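This is input-v5.pdb. It holds PDB, C-alpha atoms.
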```pdb
ATOM      1  CA  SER A 226      29.613 -60.513 -60.307  1.00  0.00           C
ATOM      2  CA  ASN A 227      31.526 -63.393 -58.719  1.00  0.00           C
ATOM      3  CA  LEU A 228      31.525 -61.595 -55.362  1.00  0.00           C
ATOM      4  CA  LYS A 229      28.326 -60.782 -53.498  1.00  0.00           C
ATOM      5  CA  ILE A 230      27.300 -58.730 -50.452  1.00  0.00           C
ATOM      6  CA  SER A 231      24.354 -60.429 -48.776  1.00  0.00           C
ATOM      7  CA  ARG A 232      23.654 -58.043 -45.899  1.00  0.00           C
ATOM      8  CA  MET A 233      25.226 -55.177 -43.962  1.00  0.00           C
ATOM      9  CA  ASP A 234      25.306 -54.148 -40.325  1.00  0.00           C
ATOM     10  CA  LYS A 235      24.747 -50.472 -41.231  1.00  0.00           C
ATOM     11  CA  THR A 236      24.253 -48.311 -44.341  1.00  0.00           C
ATOM     12  CA  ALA A 237      25.077 -44.868 -42.925  1.00  0.00           C
ATOM     13  CA  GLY A 238      27.560 -43.211 -40.633  1.00  0.00           C
ATOM     14  CA  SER A 239      29.601 -40.223 -39.535  1.00  0.00           C
ATOM     15  CA  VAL A 240      31.570 -38.555 -42.321  1.00  0.00           C
ATOM     16  CA  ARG A 241      34.544 -39.017 -39.961  1.00  0.00           C
ATOM     17  CA  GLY A 242      34.500 -42.701 -40.724  1.00  0.00           C
ATOM     18  CA  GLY A 243      35.712 -45.009 -37.971  1.00  0.00           C
ATOM     19  CA  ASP A 244      32.351 -46.800 -37.977  1.00  0.00           C
ATOM     20  CA  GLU A 245      32.396 -50.588 -37.531  1.00  0.00           C
ATOM     21  CA  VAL A 246      30.236 -52.508 -39.967  1.00  0.00           C
ATOM     22  CA  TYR A 247      29.471 -56.216 -40.126  1.00  0.00           C
ATOM     23  CA  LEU A 248      29.173 -57.457 -43.701  1.00  0.00           C
ATOM     24  CA  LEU A 249      27.626 -60.700 -44.828  1.00  0.00           C
ATOM     25  CA  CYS A 250      29.003 -61.891 -48.153  1.00  0.00           C
ATOM     26  CA  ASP A 251      29.424 -64.937 -50.373  1.00  0.00           C
ATOM     27  CA  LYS A 252      32.705 -66.847 -50.209  1.00  0.00           C
ATOM     28  CA  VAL A 253      35.755 -64.557 -50.231  1.00  0.00           C
ATOM     29  CA  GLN A 254      39.517 -65.149 -49.823  1.00  0.00           C
ATOM     30  CA  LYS A 255      40.743 -63.315 -46.734  1.00  0.00           C
ATOM     31  CA  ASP A 256      44.026 -62.371 -48.370  1.00  0.00           C
ATOM     32  CA  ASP A 257      42.583 -61.018 -51.583  1.00  0.00           C
ATOM     33  CA  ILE A 258      39.617 -58.858 -50.662  1.00  0.00           C
ATOM     34  CA  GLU A 259      39.000 -55.186 -49.973  1.00  0.00           C
ATOM     35  CA  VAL A 260      35.947 -53.019 -49.397  1.00  0.00           C
ATOM     36  CA  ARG A 261      35.990 -50.039 -51.750  1.00  0.00           C
ATOM     37  CA  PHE A 262      33.922 -46.924 -51.030  1.00  0.00           C
ATOM     38  CA  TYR A 263      33.608 -44.820 -54.130  1.00  0.00           C
ATOM     39  CA  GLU A 264      31.673 -42.264 -56.086  1.00  0.00           C
ATOM     40  CA  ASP A 265      30.783 -42.635 -59.732  1.00  0.00           C
ATOM     41  CA  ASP A 266      31.750 -39.197 -61.008  1.00  0.00           C
ATOM     42  CA  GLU A 267      34.548 -37.415 -62.902  1.00  0.00           C
ATOM     43  CA  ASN A 268      36.409 -36.893 -59.594  1.00  0.00           C
ATOM     44  CA  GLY A 269      36.376 -40.632 -58.926  1.00  0.00           C
ATOM     45  CA  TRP A 270      36.912 -40.616 -55.144  1.00  0.00           C
ATOM     46  CA  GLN A 271      37.674 -43.847 -53.291  1.00  0.00           C
ATOM     47  CA  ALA A 272      38.544 -44.730 -49.680  1.00  0.00           C
ATOM     48  CA  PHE A 273      38.848 -48.231 -48.226  1.00  0.00           C
ATOM     49  CA  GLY A 274      37.395 -50.395 -45.516  1.00  0.00           C
ATOM     50  CA  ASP A 275      39.903 -50.813 -42.729  1.00  0.00           C
ATOM     51  CA  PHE A 276      40.554 -54.293 -41.317  1.00  0.00           C
ATOM     52  CA  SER A 277      43.109 -57.096 -41.073  1.00  0.00           C
ATOM     53  CA  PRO A 278      42.799 -60.768 -42.258  1.00  0.00           C
ATOM     54  CA  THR A 279      41.482 -61.952 -38.883  1.00  0.00           C
ATOM     55  CA  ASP A 280      38.384 -59.798 -39.269  1.00  0.00           C
ATOM     56  CA  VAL A 281      37.308 -61.881 -42.245  1.00  0.00           C
ATOM     57  CA  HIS A 282      35.111 -64.512 -40.623  1.00  0.00           C
ATOM     58  CA  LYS A 283      35.197 -67.991 -42.195  1.00  0.00           C
ATOM     59  CA  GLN A 284      35.430 -66.355 -45.630  1.00  0.00           C
ATOM     60  CA  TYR A 285      31.790 -65.326 -45.351  1.00  0.00           C
ATOM     61  CA  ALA A 286      31.752 -62.052 -43.401  1.00  0.00           C
ATOM     62  CA  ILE A 287      33.846 -58.913 -42.844  1.00  0.00           C
ATOM     63  CA  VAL A 288      33.999 -56.667 -39.790  1.00  0.00           C
ATOM     64  CA  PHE A 289      35.652 -53.409 -40.861  1.00  0.00           C
ATOM     65  CA  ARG A 290      35.881 -49.710 -40.026  1.00  0.00           C
ATOM     66  CA  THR A 291      34.467 -47.213 -42.542  1.00  0.00           C
ATOM     67  CA  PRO A 292      36.799 -44.712 -44.178  1.00  0.00           C
ATOM     68  CA  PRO A 293      36.054 -40.990 -43.933  1.00  0.00           C
ATOM     69  CA  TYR A 294      34.550 -38.841 -46.661  1.00  0.00           C
ATOM     70  CA  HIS A 295      36.828 -36.363 -48.449  1.00  0.00           C
ATOM     71  CA  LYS A 296      34.781 -33.387 -47.199  1.00  0.00           C
ATOM     72  CA  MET A 297      33.783 -33.127 -43.527  1.00  0.00           C
ATOM     73  CA  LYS A 298      31.726 -29.963 -44.041  1.00  0.00           C
ATOM     74  CA  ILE A 299      28.694 -31.400 -45.780  1.00  0.00           C
ATOM     75  CA  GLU A 300      25.237 -29.918 -45.208  1.00  0.00           C
ATOM     76  CA  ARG A 301      23.059 -32.948 -45.958  1.00  0.00           C
ATOM     77  CA  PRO A 302      23.720 -36.746 -46.045  1.00  0.00           C
ATOM     78  CA  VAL A 303      25.745 -37.896 -49.029  1.00  0.00           C
ATOM     79  CA  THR A 304      25.274 -41.283 -50.618  1.00  0.00           C
ATOM     80  CA  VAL A 305      28.175 -43.190 -52.107  1.00  0.00           C
ATOM     81  CA  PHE A 306      28.673 -46.716 -53.433  1.00  0.00           C
ATOM     82  CA  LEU A 307      30.613 -49.469 -51.743  1.00  0.00           C
ATOM     83  CA  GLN A 308      31.567 -52.803 -53.174  1.00  0.00           C
ATOM     84  CA  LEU A 309      33.780 -55.810 -52.652  1.00  0.00           C
ATOM     85  CA  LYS A 310      36.755 -56.464 -54.924  1.00  0.00           C
ATOM     86  CA  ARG A 311      39.900 -58.565 -55.172  1.00  0.00           C
ATOM     87  CA  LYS A 312      42.959 -56.353 -54.612  1.00  0.00           C
ATOM     88  CA  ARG A 313      44.594 -55.562 -57.969  1.00  0.00           C
ATOM     89  CA  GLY A 314      41.847 -57.926 -58.890  1.00  0.00           C
ATOM     90  CA  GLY A 315      39.381 -57.212 -61.603  1.00  0.00           C
ATOM     91  CA  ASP A 316      36.620 -59.149 -59.920  1.00  0.00           C
ATOM     92  CA  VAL A 317      33.937 -57.324 -57.914  1.00  0.00           C
ATOM     93  CA  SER A 318      30.545 -57.575 -56.187  1.00  0.00           C
ATOM     94  CA  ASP A 319      27.437 -55.648 -57.153  1.00  0.00           C
ATOM     95  CA  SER A 320      27.562 -52.268 -55.476  1.00  0.00           C
ATOM     96  CA  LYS A 321      25.373 -51.249 -52.564  1.00  0.00           C
ATOM     97  CA  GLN A 322      24.755 -47.748 -51.248  1.00  0.00           C
ATOM     98  CA  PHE A 323      26.254 -46.164 -48.132  1.00  0.00           C
ATOM     99  CA  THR A 324      25.389 -42.702 -46.833  1.00  0.00           C
ATOM    100  CA  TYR A 325      27.625 -40.327 -44.874  1.00  0.00           C
ATOM    101  CA  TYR A 326      26.193 -37.948 -42.292  1.00  0.00           C
ATOM    102  CA  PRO A 327      27.365 -34.476 -41.054  1.00  0.00           C
ATOM    103  CA  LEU A 328      28.489 -33.510 -37.576  1.00  0.00           C
TER     104      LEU A 328
ATOM    105  CA  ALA B 225      30.019 -79.079 -35.735  1.00  0.00           C
ATOM    106  CA  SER B 226      32.345 -79.346 -32.710  1.00  0.00           C
ATOM    107  CA  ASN B 227      31.270 -76.951 -29.970  1.00  0.00           C
ATOM    108  CA  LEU B 228      29.172 -73.816 -30.350  1.00  0.00           C
ATOM    109  CA  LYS B 229      31.035 -70.527 -30.271  1.00  0.00           C
ATOM    110  CA  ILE B 230      29.997 -66.887 -30.492  1.00  0.00           C
ATOM    111  CA  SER B 231      32.994 -65.320 -32.245  1.00  0.00           C
ATOM    112  CA  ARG B 232      31.825 -61.731 -31.960  1.00  0.00           C
ATOM    113  CA  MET B 233      28.668 -59.725 -32.294  1.00  0.00           C
ATOM    114  CA  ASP B 234      26.976 -56.451 -33.220  1.00  0.00           C
ATOM    115  CA  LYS B 235      25.143 -54.846 -30.364  1.00  0.00           C
ATOM    116  CA  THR B 236      25.318 -56.056 -26.769  1.00  0.00           C
ATOM    117  CA  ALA B 237      22.689 -53.706 -25.431  1.00  0.00           C
ATOM    118  CA  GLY B 238      19.304 -52.555 -26.607  1.00  0.00           C
ATOM    119  CA  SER B 239      15.812 -51.722 -25.418  1.00  0.00           C
ATOM    120  CA  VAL B 240      13.879 -53.657 -22.817  1.00  0.00           C
ATOM    121  CA  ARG B 241      11.147 -53.893 -25.450  1.00  0.00           C
ATOM    122  CA  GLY B 242      13.330 -56.121 -27.610  1.00  0.00           C
ATOM    123  CA  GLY B 243      13.112 -55.682 -31.368  1.00  0.00           C
ATOM    124  CA  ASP B 244      16.791 -54.762 -31.974  1.00  0.00           C
ATOM    125  CA  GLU B 245      18.793 -56.389 -34.817  1.00  0.00           C
ATOM    126  CA  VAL B 246      21.953 -58.207 -33.766  1.00  0.00           C
ATOM    127  CA  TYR B 247      24.636 -59.539 -36.050  1.00  0.00           C
ATOM    128  CA  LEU B 248      26.399 -62.509 -34.508  1.00  0.00           C
ATOM    129  CA  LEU B 249      29.328 -64.358 -36.076  1.00  0.00           C
ATOM    130  CA  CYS B 250      29.687 -67.933 -34.837  1.00  0.00           C
ATOM    131  CA  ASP B 251      31.195 -71.298 -35.771  1.00  0.00           C
ATOM    132  CA  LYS B 252      29.361 -73.827 -37.932  1.00  0.00           C
ATOM    133  CA  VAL B 253      25.623 -73.972 -37.164  1.00  0.00           C
ATOM    134  CA  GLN B 254      22.663 -75.459 -39.070  1.00  0.00           C
ATOM    135  CA  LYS B 255      19.636 -73.275 -39.910  1.00  0.00           C
ATOM    136  CA  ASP B 256      16.889 -75.476 -38.432  1.00  0.00           C
ATOM    137  CA  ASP B 257      18.903 -76.697 -35.472  1.00  0.00           C
ATOM    138  CA  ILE B 258      20.218 -73.675 -33.644  1.00  0.00           C
ATOM    139  CA  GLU B 259      18.877 -71.107 -31.216  1.00  0.00           C
ATOM    140  CA  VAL B 260      19.916 -67.921 -29.508  1.00  0.00           C
ATOM    141  CA  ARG B 261      18.802 -68.197 -25.921  1.00  0.00           C
ATOM    142  CA  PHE B 262      18.616 -65.298 -23.470  1.00  0.00           C
ATOM    143  CA  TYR B 263      18.296 -66.132 -19.763  1.00  0.00           C
ATOM    144  CA  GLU B 264      19.138 -65.484 -16.088  1.00  0.00           C
ATOM    145  CA  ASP B 265      20.889 -67.553 -13.332  1.00  0.00           C
ATOM    146  CA  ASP B 266      17.849 -66.414 -11.287  1.00  0.00           C
ATOM    147  CA  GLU B 267      15.454 -68.757  -9.499  1.00  0.00           C
ATOM    148  CA  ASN B 268      12.774 -67.925 -12.052  1.00  0.00           C
ATOM    149  CA  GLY B 269      15.488 -68.420 -14.685  1.00  0.00           C
ATOM    150  CA  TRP B 270      13.696 -66.273 -17.276  1.00  0.00           C
ATOM    151  CA  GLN B 271      14.160 -67.422 -20.874  1.00  0.00           C
ATOM    152  CA  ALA B 272      13.656 -65.777 -24.256  1.00  0.00           C
ATOM    153  CA  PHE B 273      14.908 -66.292 -27.790  1.00  0.00           C
ATOM    154  CA  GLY B 274      16.133 -64.154 -30.585  1.00  0.00           C
ATOM    155  CA  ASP B 275      13.631 -63.882 -33.415  1.00  0.00           C
ATOM    156  CA  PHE B 276      14.753 -64.848 -36.954  1.00  0.00           C
ATOM    157  CA  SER B 277      13.546 -67.061 -39.808  1.00  0.00           C
ATOM    158  CA  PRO B 278      15.854 -69.711 -41.276  1.00  0.00           C
ATOM    159  CA  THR B 279      16.816 -67.283 -44.061  1.00  0.00           C
ATOM    160  CA  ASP B 280      18.612 -65.078 -41.507  1.00  0.00           C
ATOM    161  CA  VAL B 281      21.078 -67.911 -40.869  1.00  0.00           C
ATOM    162  CA  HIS B 282      23.631 -66.734 -43.482  1.00  0.00           C
ATOM    163  CA  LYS B 283      25.942 -69.476 -44.844  1.00  0.00           C
ATOM    164  CA  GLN B 284      26.133 -71.467 -41.564  1.00  0.00           C
ATOM    165  CA  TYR B 285      28.540 -69.063 -39.914  1.00  0.00           C
ATOM    166  CA  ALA B 286      26.379 -66.159 -38.866  1.00  0.00           C
ATOM    167  CA  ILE B 287      22.936 -65.202 -37.529  1.00  0.00           C
ATOM    168  CA  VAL B 288      21.053 -61.929 -38.061  1.00  0.00           C
ATOM    169  CA  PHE B 289      18.375 -61.617 -35.417  1.00  0.00           C
ATOM    170  CA  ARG B 290      16.034 -59.338 -33.474  1.00  0.00           C
ATOM    171  CA  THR B 291      16.011 -59.441 -29.673  1.00  0.00           C
ATOM    172  CA  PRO B 292      13.101 -60.509 -27.450  1.00  0.00           C
ATOM    173  CA  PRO B 293      11.299 -58.297 -24.942  1.00  0.00           C
ATOM    174  CA  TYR B 294      12.575 -58.732 -21.357  1.00  0.00           C
ATOM    175  CA  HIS B 295      10.114 -60.019 -18.700  1.00  0.00           C
ATOM    176  CA  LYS B 296      10.011 -56.756 -16.696  1.00  0.00           C
ATOM    177  CA  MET B 297       9.114 -53.915 -19.036  1.00  0.00           C
ATOM    178  CA  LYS B 298       9.285 -51.354 -16.270  1.00  0.00           C
ATOM    179  CA  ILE B 299      12.838 -51.757 -14.961  1.00  0.00           C
ATOM    180  CA  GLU B 300      14.400 -48.942 -12.934  1.00  0.00           C
ATOM    181  CA  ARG B 301      17.906 -49.316 -14.354  1.00  0.00           C
ATOM    182  CA  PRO B 302      19.796 -51.300 -17.012  1.00  0.00           C
ATOM    183  CA  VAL B 303      19.455 -55.049 -16.523  1.00  0.00           C
ATOM    184  CA  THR B 304      22.136 -57.421 -17.797  1.00  0.00           C
ATOM    185  CA  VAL B 305      21.731 -61.092 -18.860  1.00  0.00           C
ATOM    186  CA  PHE B 306      23.458 -64.035 -20.581  1.00  0.00           C
ATOM    187  CA  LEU B 307      22.604 -65.131 -24.126  1.00  0.00           C
ATOM    188  CA  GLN B 308      24.091 -68.349 -25.453  1.00  0.00           C
ATOM    189  CA  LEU B 309      23.748 -70.121 -28.763  1.00  0.00           C
ATOM    190  CA  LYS B 310      21.996 -73.466 -28.252  1.00  0.00           C
ATOM    191  CA  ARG B 311      21.341 -76.587 -30.333  1.00  0.00           C
ATOM    192  CA  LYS B 312      17.735 -77.623 -30.958  1.00  0.00           C
ATOM    193  CA  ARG B 313      18.675 -81.319 -30.837  1.00  0.00           C
ATOM    194  CA  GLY B 314      21.827 -82.179 -28.935  1.00  0.00           C
ATOM    195  CA  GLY B 315      20.997 -79.391 -26.523  1.00  0.00           C
ATOM    196  CA  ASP B 316      24.642 -78.491 -26.067  1.00  0.00           C
ATOM    197  CA  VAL B 317      25.564 -74.793 -25.931  1.00  0.00           C
ATOM    198  CA  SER B 318      28.288 -72.198 -26.500  1.00  0.00           C
ATOM    199  CA  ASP B 319      30.071 -70.171 -23.836  1.00  0.00           C
ATOM    200  CA  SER B 320      27.579 -67.541 -22.670  1.00  0.00           C
ATOM    201  CA  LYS B 321      28.018 -63.860 -23.533  1.00  0.00           C
ATOM    202  CA  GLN B 322      26.367 -60.891 -21.774  1.00  0.00           C
ATOM    203  CA  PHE B 323      23.660 -58.618 -23.118  1.00  0.00           C
ATOM    204  CA  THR B 324      22.174 -55.593 -21.390  1.00  0.00           C
ATOM    205  CA  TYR B 325      18.569 -54.412 -21.567  1.00  0.00           C
ATOM    206  CA  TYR B 326      17.764 -50.703 -21.147  1.00  0.00           C
ATOM    207  CA  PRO B 327      14.715 -48.869 -19.638  1.00  0.00           C
ATOM    208  CA  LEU B 328      12.240 -46.740 -21.544  1.00  0.00           C
TER     209      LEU B 328
END
```
Translate this structure into structure tokens?
Amino acid sequence: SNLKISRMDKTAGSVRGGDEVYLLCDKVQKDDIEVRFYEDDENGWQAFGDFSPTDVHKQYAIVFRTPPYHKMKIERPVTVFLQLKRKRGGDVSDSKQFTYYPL
Amino acid sequence: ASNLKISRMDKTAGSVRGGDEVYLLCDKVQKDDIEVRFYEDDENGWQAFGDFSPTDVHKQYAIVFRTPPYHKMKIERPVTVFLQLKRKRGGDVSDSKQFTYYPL
């Protein structure tokens, strides 16, 4: 609960990932942050937000590319959770929702 | 703050009717002392401003805003313009970026 996501560019996208999202957050260290996309279920899937250090703006924003879903053949939009977290870190932000769309 | 700077930004095109949300990452800015001015070199140097309350001025380094309707609603093709960050007091600006309005 140390980390926080204030606002996001988008909350949906192509299951193929590759979508650029602007993320407004509370202070974050550019060398110890990641954007984890995950599902809360026995399978426990997780993909990560793509981006280098330079995309973290003044420690208060992150411009990244979405990861793709593990199944491209989905019939309807699937919602998943996405949060902020320190690498190995055990510190995270509350988790917002992100939906993936078909093709 | 030194000199205004638009680091990067969301959209760079939208509808001539304005109303589109643009994320814009910039250098240090102060909530009640900054503006996002749209305009044209033109004789009639049209001018408009992005809409946003002071709450949309996230941590001094970013601005979430909606665009303003262009002055010609019925344009034949896509019309491009410059939109620079501007200071409400000093009056100084940031290098101007380009934004393109689209027809209905």
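In this structure, the chain B residues at most 12 Å away from chain A are residues 230, 231, 232, 233, 234, 235, 244, 245, 246, 247, 248, 249, 250, 251, 252, 279, 280, 281, 282, 283, 284, 285, 286, 287, 288 and 289 of chain B, with only C-alpha atoms considered.
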Write out as JSON, numbers by chain which residues come within 6 Å of residue 263 (chain B) when counting all atoms listed in the file, dropping same-chain ones fewer than 3 positions away. {"B": [270, 271, 306]}
Spatial neighbours of residue 242 (chain B), max dist 10 Å, only C-alpha atoms, sep filter under 4 positions, as a VMD selection string: chain B and resid 237 to 238 274 to 275 290 to 294 297 325 to 326
Given the file shown, enumerate the residues that the PyMOL selection byres ((chain B and resi 302) around 10) captures and present them as a PyMOL selection string. chain B and resi 237-240+299-301+303-304+324-328
Quick one: distance from CA of residue 322 (chain A) to CA of residue 306 (chain A) in Å, one decimal?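 The value is 4.6 Å.
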